[PDB]
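Residue numbers (the entry's author numbering), protein chains in the order written: chain F, 21 to 101; chain B, 24 to 101; chain A, 38 to 134; chain E, 38 to 135; chain H, 34 to 124; chain D, 32 to 124; chain G, 15 to 118; chain C, 12 to 117.
In this text, a Cβ means the ideal position worked out from N, Cα and C, and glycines have one as well.
Data first, discussion second: the structure below is written as structure tokens.
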DNA sequence: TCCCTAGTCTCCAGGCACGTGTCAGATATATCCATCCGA
DNA sequence: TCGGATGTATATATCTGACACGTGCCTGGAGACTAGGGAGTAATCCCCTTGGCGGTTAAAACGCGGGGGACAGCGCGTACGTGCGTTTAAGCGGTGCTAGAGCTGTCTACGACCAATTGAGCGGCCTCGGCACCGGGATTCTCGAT
DNA sequence: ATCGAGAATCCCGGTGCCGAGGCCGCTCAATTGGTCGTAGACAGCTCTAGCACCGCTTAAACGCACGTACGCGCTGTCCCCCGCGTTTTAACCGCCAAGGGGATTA
């Protein structure tokens, strides 16, 4: 299995995402909160992607499955698929 | 000028139900404008539904569909 | 004359109005407001009373939710009183503006 | 040696990450995180590469929007530094985790 | 006018034989049932069109229920649906 | 299997609007997604209009009403003005 | 004889099947779709009504009004997640006063 | 006989036959009117033109002849009504709109 | 390629309009007491 | 920390109008039967995904000033609650009364469907030009100086 | 109240490259032209409920004092987050091997 790869979303990456968001100064406790939020969001999206895959009798998650999972929650990703 | 009919005590009562302990004076104007915008965004769509069915009477079901379109589903009327 | 320290009657009104299901807005003014707003879209649009009641319930619910988020924003800024900037912040974050 | 003030290498890098359009998260750690999360719902999944790319793009757009709302909430509090309370308030007002 | 009033009444008797439901609450329950019906049916229609199928079966309805309803609620709903389907087919 | 797309039509419209402007593959895919999304939104709204009035046909009246519902402000004043401009031409042979 | 009694449900399988046909959802509707849909709807209705009956009993009333339904929906985490963007008319709100507002 | 396609008959660039076929096969309703595909193709063509004009203008502002997803995101987010129409839409490889709060400015 | 579901004919009974007693609930009035404000 | 004074709980009488229970009846659900097509099942191909290794290097982790920003404390003054007397229109009991929402009957255009018919659109394959990188120079902003 | 060294950023031109665009072969999906069943457009009818009015009570809004508490600006501490230099290190690219299953038809 894979053990705690949420650390892979490193502090510089969260800093870069905040900089693109328009953030000038970041506290040191933001990183854990952002990692938790990203884990929650990915869990919700991937659960629906896997549900769509399971209904299609497939074993590989296609890009259209992720697009439809995002469209269900009102994200509507363009370009992919 | 019927927006003034949404009186200061009415907005105060809505704030109290929302759980507000102290209300600034300016809010009683802002909320009115906010309310106005919301009503417009609903009523137009309701009227649009009424325009489609060739009616001159806005039924409650038109309001229900206009609310469902904007993501605020309403239970109790249809 | 007995005098209540400021706030207590406010907290009391909060407890009263979170327990009731009434509409807290006079129905006749709201009907006139709805008719005035609908005048801009079609002239002589009759409104059946059920439609005006549905609009009133929806508008109240929306305003109560907005005031919940406004109170959260005012408490966030280490304040007790809500301000118009709190309403603007709530509306922007929710996505209305 | 020449040093820039703490509040200017911050402005700088905000203008170039807003100007640029790449991802800003390493691809393999994110793919590995996706597989870690997904193996709790269906063991032995084979994520299509485009699916991982779409998941990444959506996740980063969501986090950037969340950080915009977080910055607005932090500035609203007469502050500049964003704290976890700002993210929590932004999520609560948005609708997530009510 | 067709509504779910008598059926909601029967379910209420089954779960709470000593309580009643008002007309306004009965209309709210009818609107809630219609809302969930339209949600599940629309999601099942989308699932049918996504996979180029021209039919709605218990598989699409089950997947729609798993997509829509939250965790414990969706698990219980799937259990009740499968129980009813197997009971219908066996008899 | 042959996959359909709105690539040629978007390219024609682009050349009609900007004669000397190209478009990348990623942007073309985004335009295909946008066209499909707006098509599905308008079609769903028109289907709901047909069902609400217990009608069994999708007429240009339903599409006009759906366009007025979805597209905001002036964007719906022009598109409708566009649509009524086209269909009349269609019914003038 | 009725399909509802055959499958043990109380919601009408015939009505659900008719609405599935006439709602324009798919070209054809399977025989097992309406029974599953009726079972899911009935389970959800039973959950709502059981929680509403609990709320009414907590309020010392033996009649379910919209306030009891709103209390039942908002007090359940998953029922409130399912109906997050739904307004229960004349249902009120669930009591919540923030701790900062409370006095010393 | 002779075929003047319905797109040329109505004066549109988008396909009328394809939109009609997608409306018929999309199970939106039992029957589809004759003017509905023409109307829908006209609306789609107008919206595509409205995106593409602003995208080309933004590409000109970037001194690039080709339209990239960043130009589409700039065109969508800069326009008022198009941003309102696509408020819940993410354009991949589109970046964000350059915006710095005035408080953070030195 | 097979077996499932649309479509049709016949039949009937369950579920929708309609009518009526009556009790759960709203309301008025007195009493009890939980709580807030001041030396 | 008790006393005085408010504003909720609590019990009892007392209407009352929706709730729930019979009754008619009728139309939509059940049961049988028929027919054709959607997809369940099997076999195949390739292609797309996974797994793995070697070499580079941009990026991440760690450590160290150190200055700016979060945070706490104080004083003030003004803006908002709390209450009380005054006004004003909301709410409810009637009335009319008629626009128009909803239900019924023709029958006609209108869309569906099917059998030819062919041209617009897509897949495959060049190819040269816009764009990305790089190397250098000119310009601009910035920070320790005054 | 400027000022110049230093670092970052923009510009200008050269080179390469890869992909956007163009063109041709091959389709099968859009087009024509008929019949044909029928959805609703139109005309008509009937009730019903939405609009308008009036009169009465009275709850509710409102204006005015008035106190007070709290929103806010100012000042001081300290702490923690940022800029920067040094040291890993794992992303990343290129390449190769292999097989699981995602699309296809029958």
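Burial state of residue i, where buried means 16 or more other Cβ atoms lie within 10 Å
i	result
residue 106 of chain E	buried
residue 71 of chain B	buried
residue 113 of chain D	buried
residue 68 of chain E	buried
residue 127 of chain E	buried
residue 77 of chain G	exposed
residue 78 of chain H	buried
residue 57 of chain D	buried
residue 84 of chain G	buried
residue 121 of chain D	buried
residue 54 of chain F	buried
residue 1 of chain A	In the structure displayed, chain A extends from 38 to 134; residue 1 of chain A sits before or after that span and is not available.
residue 114 of chain C	exposed
residue 95 of chain C	exposed
residue 47 of chain H	exposed
residue 85 of chain D	exposed
residue 44 of chain B	buried
residue 81 of chain G	buried
residue 61 of chain G	buried
residue 95 of chain H	buried
Cβ distance (whole Å) where residue i is taken to contact residue j below 8 Å
i	j	result
residue 66 of chain G	residue 94 of chain A	Actually they do not touch by this definition, with Cβ atoms about 19 Å apart.
residue 98 of chain C	residue 132 of chain A	7 Å
residue 27 of chain C	residue 34 of chain C	Going by Cβ atoms, the distance from residue 27 of chain C to residue 34 of chain C rounds to 11 Å, so no, they are not a contact pair.
Helix, strand or coil at residue i [DSSP, three-state]
i	result
residue 58 of chain E	coil
residue 104 of chain A	helix
residue 79 of chain G	coil
residue 73 of chain F	helix
residue 84 of chain E	strand
residue 17 of chain G	helix
residue 82 of chain B	coil
residue 53 of chain H	strand
residue 100 of chain C	coil
residue 46 of chain F	strand
residue 112 of chain E	helix
residue 30 of chain F	coil
residue 118 of chain A	strand
residue 108 of chain C	coil
residue 96 of chain B	strand
Chain H residues whose Cβ lies nearer than 9 Å to that of residue i
i	result
residue 96 of chain B	64 and 68
Interface partners of residue i on chain B, CB under 8 Å
i	result
residue 47 of chain A	39, 44 and 45
Contacts of residue i in chain E (Cβ-Cβ under 8 Å)
i	result
residue 24 of chain C	Going along chain E, no residue has its Cβ under 8 Å from residue 24 of chain C, so there is no contact; the nearest lies around 29 Å.
Chain F residues whose Cβ lies nearer than 8 Å to that of residue i
i	result
residue 61 of chain E	33, 36, 37 and 40
Where residue i meets chain C, residues with beta-carbon distance less than 7 Å
i	result
residue 40 of chain D	24, 25 and 26
Interface partners of residue i on chain F, CB under 9 Å
i	result
residue 73 of chain D	Correct list: empty, because the minimum Cβ distance to chain F is about 15 Å.
residue 89 of chain C	The contacting residues do not exist; residue 89 of chain C stays about 17 Å from chain F at best.
Under 9 Å from the C-beta of residue i: neighbouring residues of chain E
i	result
residue 59 of chain F	70 and 74
Interface residues of chain A facing residue i [CB-CB closer than 7 Å]
i	result
residue 83 of chain B	85, 87, 88 and 91
Contacts of residue i in chain C (Cβ-Cβ under 8 Å)
i	result
residue 99 of chain F	80, 102, 103 and 104
Under 9 Å by beta carbon: chain B residues contacting residue i
i	result
residue 57 of chain H	99
Contact list for residue i against chain F, beta-carbon separation under 7 Å
i	result
residue 60 of chain D	99
Interface partners of residue i on chain G, CB under 8 Å
i	result
residue 88 of chain H	40, 41, 42, 43 and 44
What are the start and end residues of each continuous alpha helix (DSSP H) run of 4 or more residues lying completely inside the region 31-62 of chain G, in chain order? Uninterrupted alpha helix (DSSP H) stretches at least 4 residues long and entirely within the region 31-62 of chain G do not occur.
For the region 65-89 of chain D, list the alpha helix (DSSP H) runs that are entirely contained and at least 4 residues long, ordered along the chain. The qualifying runs do not exist here; there are none.
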